[PDB]
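A.B. asks: Before I ask anything, here is the structure I am working with.
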Amino acid sequence: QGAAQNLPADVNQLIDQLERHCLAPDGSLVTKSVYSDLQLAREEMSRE
Amino acid sequence: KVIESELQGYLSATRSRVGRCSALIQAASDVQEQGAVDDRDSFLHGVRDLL
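Taken in order, these protein sequences are the chains called N and P. Sequential numbering of the first sequence, starting at 6, is according to the entry's author numbering. Sequential numbering of the second sequence, starting at 413, is according to the entry's author numbering.
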């Protein structure tokens, strides 16, 4: 029963830690490109 | 002879339609593309993609 309680957390942690290293690949940048684009809005505000 | 002088002025008249033809399309893009602008509202998926 106890191991079943951790399973939703266990299945999360399998890829959760690697998704920081998965952030740079396209598995995240299809939305998370803003981080690789450094605030994809306009790189914060300078002139735009 | 004024017509030929004004034909160059008329040349601006006819080509202005081409300028209208080459510009009016952008106006309809804001309304016709609303089904393809779902990219950064799926960026909102990323922030809520935590789980």
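Using N, Cα and C, we set each Cβ at its ideal position, and we do this for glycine too.
Note the first and the last residue of the continuous alpha helix (DSSP H) segment covering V430 (chain P).
C.D. replies: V430 (chain P) -> alpha helix (DSSP H) spans 414-433.
A.B. asks: Is there a Cβ of chain P sitting closer than 8 Å to that of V16 (chain N), yes or no?
C.D. replies: Closer than 8 Å: no.
A.B. asks: Please compile the residues from chain N whose C-beta is within a distance smaller than 9 Å of the C-beta of residue 466 (chain P).
C.D. replies: Not covered by the structure: residue 466 (chain P). The range shown for chain P is 413 to 463.
A.B. asks: According to the Cβ coordinates, are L45 (chain N) and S38 (chain N) closer than 8 Å?
C.D. replies: Yes, the pair counts as a contact, with Cβ atoms nearer than the cut-off.
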